[PDB]
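> Structure below; questions to follow.
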Protein chains: 2
Amino acid sequence: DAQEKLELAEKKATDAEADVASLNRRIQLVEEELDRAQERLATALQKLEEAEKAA
Amino acid sequence: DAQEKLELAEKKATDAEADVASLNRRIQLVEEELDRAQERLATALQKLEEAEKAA
């Protein structure tokens, strides 16, 4: 039982770590996409200022 | 040893869990900002369309 629990805890660690890595990938993807949304936002806001300023 | 490996693997998983949990908090917060930035962006872009119509 300790050994199976170990294989399962190791599996859980494997999966938790797979999830750490898969999420780290995803967190980074949302951080990168966030930076892009923020850059696009700064761009949209600058364009908004240009359009609004044109107006 | 199975029990120590189990406690350790449980901790590999607990730490991996703490890390994925940290990451899950980061994806939730960053992705929430991705979406808020995307929404702010959509807002800036919608405002841009209106600002351009106003232009």
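Ordering of the structure tokens sets the chain letters (A, B, ...); residue numbers start at 1 within each chain; ligands are numbered from 1 in the order shown.
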Calculate the C-alpha RMSD, in Å to one decimal, after superposing chain A onto chain B by least squares over all C-alpha atoms paired in sequence order.

1.4 Å

> Need to verify the contact set: residue 40 of chain B, 9 Å, only C-alpha atoms, exclusion of same-chain residues closer than 4 positions in sequence. Can you return it as an MDAnalysis selection string?

(chainID A and resid 37:38 41) or (chainID B and resid 35:36 44:45)

> Restrict the selected residues to C-alpha atoms and save them as a short mmCIF file (atom, residue, chain, number, x, y, z; two decimals), in the first residue's frame.


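File written: selection.cif
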data_model
loop_
_atom_site.label_atom_id
_atom_site.label_comp_id
_atom_site.auth_asym_id
_atom_site.auth_seq_id
_atom_site.Cartn_x
_atom_site.Cartn_y
_atom_site.Cartn_z
CA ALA A 37 -3.54 42.37 -25.06
CA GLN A 38 -1.86 45.21 -23.12
CA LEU A 41 -4.56 47.97 -25.71
CA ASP B 35 -9.53 39.01 -20.57
CA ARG B 36 -9.71 42.33 -18.81
CA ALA B 44 -10.61 50.73 -26.67
CA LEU B 45 -11.26 49.26 -30.11
#

> If you count only C-alpha atoms, which residues fall within 6 Å of segment 2-15 of chain A, apart from same-chain ones fewer than 4 positions away, as a list in words?

residues 19 of chain A; 2, 3, 6, 9, 10, 12 and 13 of chain B

> Pick out the closest residue to chain A from this set: B:53, B:34, B:29, B:42. Count only C-alpha atoms.

B:34

> Between B:32, B:27, B:46, B:39, which residue has the minimum interatomic distance to chain A, considering only C-alpha atoms?

B:27

> Pick the closest to chain B from A:28, A:17, A:43, A:1: which is it, counting only C-alpha atoms?

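Closest to chain B of all the choices is A:17.
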
> Could you please determine the separation between atom CA of residue 30 of chain B and atom CA of residue 30 of chain A in Å, to one decimal place?

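Atom-to-atom, atom CA of residue 30 of chain B to atom CA of residue 30 of chain A, that is 6.2 Å.
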
> Do you have the atom CA of residue 49 of chain A-atom CA of residue 33 of chain B distance handy?

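About the pair atom CA of residue 49 of chain A and atom CA of residue 33 of chain B: they are 22.3 Å apart.
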